[PDB]
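Numbering (UniProt numbering), first residue to last: 102 to 307, 314 to 748. For each residue, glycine too, the CB sits at the ideal point set by N, CA and C.
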Ligand SMILES: Nc1ncnc2c1ncn2[C@@H]1O[C@H](COP(=O)(O)OP(=O)(O)O)[C@@H](O)[C@H]1O
C-alpha cells in the first residue's frame with residue numbers, strides 16, 4: 102500500500118537462538134547486532150518484533166533525509182505529526198535529536214535499522230543521544246558489520262555466532278527430514294553454522316574451499332540466474348519488479364524466485380535486491396554493459412517522478428559517464444528537485460561533488476553554497492562553468508549571479524547581470540527560465556528602497572506559476588506580494604493577497620504556509636489597530652512557531668499579539684505570552700524576546716501592581732541597552748496604550 106512502513110517479511114525457515122531473542126526483546130535502550138554478511142542479523146531483527154519500522158539504509162544517505170523518512174513515520178503514528186514533520190519542512194538543527202527521542206518517548210514504537218552507511222558519525226551521534234536516556238517505551242535495534250563504538254552504557258552488544266549444530270541439523274530436517282541425519286554432521290564442516298550459506302547448499306547439490320564453495324555454487328546456477336545476478340549486483344538499492352523487468356527487456360520471474368529459494372536474493376516486501384554477500388562476488392563477472400543497464404534504470408526512475416527516485420536516478424547517471432545525461436537531468440532538477448534542494452543539501456551535495464568537473468554540477472554546487480553563505484565560492488564556480496552551458500542554463504547562471512551580487516550590496520553589478528537575461532527568456536520563451544528571471548528581478552528591487560517595480564515583476568511571475576501547477580511556490584509569491592503592498596502603505600491589497608494564499612494553503616493541506624499567512628493576517632490588522640482580530644490570528648501563529656520551535660518568528664508573533672491583546676482584551680493572555688517570551692528569551696537571547704519582558708511590566712502596571720513589579724521595565728532595558736533597535740519598539744507600546 103502507498104505510504105506505509107518497509108517492514109520486510111522474515112525468512113521462511115528460521116531456528117532462532119532463543120537466548121539472543123530474549124536478549125534483544127528484554128534489552129534496554131539500543132540493541133546492536135553485529136556479524137558478518139549473511140550471518141542472520143537482518144532475519145534475527147525481524148524475529149524480534151514484526152511491526153517494527155524498518156529502514157534499510159543504502160549508499161546515498163543524508164541524515165536529514167533519514168530523519169525526514171523517520172519523521173514521516175512519526176507523523177503517521179500521530180504523536181509527532183504536528184511537531185516533527187512540520188519542523189522538517191521548517192528548518193534543521195541538532196534539536197532533531199531530542200525530537201525523535203521525544204518521538205518514541207511518546208509513541209513507544211520499536212525501530213530497526215539495517216546495515217550501515219556514509220557519514221556514520223552523524224548517525225552515530227544521534228544514536229548515542231538516545232541509548233543513554235533509556236526510553237521506557239521506544240527501542241532501536243541496528244544490524245551492522247562492525248561494532249559502532251557506541252559505548253556500553255545502555256547498549257547491549259549482540260555478536261551473532263551463526264547457528265548451533267543441533268539447530269543446524271534441525272534446520273536441514275525442517276526442510277528435508279527424510280534426508281540422512283549423518284550428512285548434516287558433514288555440512289557443519291563447510292558452513293560452520295552459517296545460516297545463509299547453509300540454505301545455498303540445501304537448495305543445491307554436490314569438498315571445496317570457502318571462496319570456491321560459493322564460486323563452485325555459482326556454476327550450479329542456471330543461465331538466467333547468473334545474468335540476473337550479474338546485473339542486480341550493480342545496484343546498491345532494492346528495485347521493484349517492473350523496474351527489473353524493464354531493466355532486462357526480458358521476463359525475470361523464473362530466476363527471481365529460484366534465487367529467492369536459495370537465499371541469494373531478498374525481498375523487502377515489494378522490492379528486490381541481491382544479498383550483500385552475493386553482491387561482493389558477482390559484481391566482477393560482467394562489468395562491460397554497466398552503461399546500458401544503468402541507462403535503462405535511469406529512464407525507469409525518471410517515470411516514477413518522486414524526489415527519492417529522483418536521487419536514485421542521479422546516482423546511476425554518474426556511472427554511465429555521459430555528460431549529456433547529466434545535462435538533461437539537471438533541467439528536471441529545476442522542475443521538481445528545485446523544491447527540495449534546500450531539504451536534502453548534503454545528499455545532493457555528495458552526488459554532485461562526485462562530478463565536480465561537470466559544468467552543470469558546478470552550477471547546483473554553487474546554489475548549495477549560496478544557501479550556506481559562501482558567496483565567494485558560488486560566484487567562482489559560476490565563472491568557471493560559464494561557457495559550456497547552453498542558452499537555457501546561461502540565464503539561470505546570471506540570475507543566481509544577480510542573486511549572488513544581491514547579498515553583497517552590489518545592485519549595479521546585479522543589474523547588469525540580470526540585464527544579460529532580459530534577452531534570453533524572451534528569445535527562447537521558456538517557462539522555467541522566465542520564472543527565475545522575474546524571481547530574481549523582484550528580489551533586486553526589493554533590496555532597493557523602490558517597492559513599485561517589484562509589484563509588476565511578481566505579477567508576470569505568477570503568470571508562469573499558474574501553468575506548471577506547483578502549489579508551494581504559488582503560495583510563496585502570493586504571501587510575498589501581500590508584503591510589498593503593505594510596505595507601500597496599502598492595506599486592501601495586502602489583506603486580500605495572503606487571504607487567497609490562505610485559501611490555497613487550506614486547500615492543499617499545507618500547515619506550514621497556513622500559519623505563515625496567519626502571521627501576515629494578524630500583523631495587517633495590527634497596523635489598522637483592529638485589536639480583536641490581530642490578537643486572535645497571532646495566538647494561532649504563536650502556538651505554531653512555539654510548537655515548531657521557530658522561536659524567531661514565535662517571538663514576533665507573541666510580540667504584536669501581546670500588544671494588541673491588552674488594548675481591548677484581557678491582560679492575562681498577553682501576560683502568558685509575555686512570560687513565554689521570557690522563557691524563550693532566557694534560552695535564545697533574542698532581542699525582541701526581551702521586549703516581552705517589559706510588556707510583562709506593562710501588564711503589571713495595568714494589573715494594579717506596584718513599580719517593583721513595573722521594575723521589569725528596568726529588568727530588560729539593561730538587557731536592551733546594546734541593541735539600538737529597542738529605541739524603536741517603544742513607538743508601538745505607548746501609542747496603542
Ligand atoms: N535462523 C535462521 N534459519 C535459517 N536461515 C537463516 C537463519 N538466520 C539467517 N538465515 C539465513 O541468512 C539470511 C539472512 O542473513 P543476514 O545476515 O541477516 O543478512 P543481512 O543482514 O546482510 O541482510 C536469510 O535469508 C537466511 O537464508
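Contact test: residue i Cβ vs ligand 1 heavy atom, cutoff 6 Å
{"i": "residue 202", "result": "no"}
{"i": "residue 297", "result": "yes"}
{"i": "residue 153", "result": "no"}
{"i": "residue 143", "result": "yes"}
{"i": "residue 260", "result": "no"}
{"i": "residue 372", "result": "no"}
{"i": "residue 244", "result": "yes"}
{"i": "residue 253", "result": "no"}
{"i": "residue 696", "result": "no"}
{"i": "residue 138", "result": "yes"}
{"i": "residue 343", "result": "no"}
{"i": "residue 385", "result": "no"}
{"i": "residue 416", "result": "no"}
{"i": "residue 321", "result": "no"}
{"i": "residue 542", "result": "no"}
{"i": "residue 115", "result": "yes"}
{"i": "residue 112", "result": "yes"}
{"i": "residue 265", "result": "no"}
{"i": "residue 157", "result": "no"}
{"i": "residue 226", "result": "no"}
{"i": "residue 300", "result": "yes"}
Residue from the options whose Cα sits closest to the Cα of residue i
{"i": "residue 427", "options": "411, 444, 440 and 406", "result": "406"}
{"i": "residue 421", "options": "412, 433 and 411", "result": "433"}
{"i": "residue 264", "options": "258, 257 and 273", "result": "273"}
{"i": "residue 469", "options": "445, 641 and 495", "result": "495"}
{"i": "residue 167", "options": "217, 357 and 361", "result": "217"}
{"i": "residue 253", "options": "466, 449, 131 and 219", "result": "131"}
{"i": "residue 259", "options": "370, 185 and 119", "result": "119"}
{"i": "residue 227", "options": "214, 633 and 238", "result": "214"}
{"i": "residue 241", "options": "181, 355, 127 and 163", "result": "127"}
{"i": "residue 297", "options": "327, 385 and 220", "result": "385"}
{"i": "residue 369", "options": "484, 541, 113 and 244", "result": "113"}
{"i": "residue 537", "options": "502, 564, 513 and 563", "result": "502"}
{"i": "residue 509", "options": "526, 498 and 500", "result": "526"}
{"i": "residue 234", "options": "248, 145 and 255", "result": "255"}
{"i": "residue 651", "options": "191, 146 and 237", "result": "191"}
{"i": "residue 532", "options": "518, 497 and 521", "result": "497"}
{"i": "residue 727", "options": "745, 748 and 688", "result": "688"}
{"i": "residue 146", "options": "129, 162 and 117", "result": "117"}
{"i": "residue 522", "options": "320, 542, 607 and 550", "result": "550"}
Rounded C-alpha distance that separates residue i from residue j
{"i": "residue 707", "j": "residue 723", "result": "7 Å"}
{"i": "residue 626", "j": "residue 601", "result": "13 Å"}
{"i": "residue 642", "j": "residue 189", "result": "27 Å"}
{"i": "residue 187", "j": "residue 286", "result": "58 Å"}
{"i": "residue 224", "j": "residue 160", "result": "14 Å"}
{"i": "residue 451", "j": "residue 200", "result": "19 Å"}
{"i": "residue 465", "j": "residue 430", "result": "7 Å"}
{"i": "residue 170", "j": "residue 423", "result": "22 Å"}
{"i": "residue 515", "j": "residue 105", "result": "46 Å"}
{"i": "residue 280", "j": "residue 305", "result": "14 Å"}
{"i": "residue 614", "j": "residue 197", "result": "29 Å"}
{"i": "residue 175", "j": "residue 239", "result": "12 Å"}
{"i": "residue 717", "j": "residue 705", "result": "14 Å"}
{"i": "residue 350", "j": "residue 632", "result": "55 Å"}
{"i": "residue 596", "j": "residue 695", "result": "33 Å"}
{"i": "residue 471", "j": "residue 459", "result": "8 Å"}
{"i": "residue 375", "j": "residue 740", "result": "58 Å"}
{"i": "residue 401", "j": "residue 648", "result": "48 Å"}
{"i": "residue 621", "j": "residue 110", "result": "40 Å"}
{"i": "residue 403", "j": "residue 251", "result": "41 Å"}
{"i": "residue 677", "j": "residue 594", "result": "30 Å"}
Rounded Cβ spacing between residue i and residue j (contact assumed at less than 8 Å)
{"i": "residue 108", "j": "residue 151", "result": "7 Å"}
{"i": "residue 339", "j": "residue 380", "result": "6 Å"}
{"i": "residue 134", "j": "residue 261", "result": "6 Å"}
{"i": "residue 278", "j": "residue 303", "result": "So it is not a contact: roughly 12 Å between Cβ atoms."}
{"i": "residue 504", "j": "residue 519", "result": "About 18 Å; that fails the 8 Å criterion."}
{"i": "residue 325", "j": "residue 389", "result": "7 Å"}
{"i": "residue 628", "j": "residue 666", "result": "Wrong, their Cβ atoms sit about 16 Å apart, outside the cutoff."}
Any C-beta of chain C under 7 Å from that of residue i
{"i": "residue 521", "result": "Looking for chain C here will not work: only one protein chain is present."}
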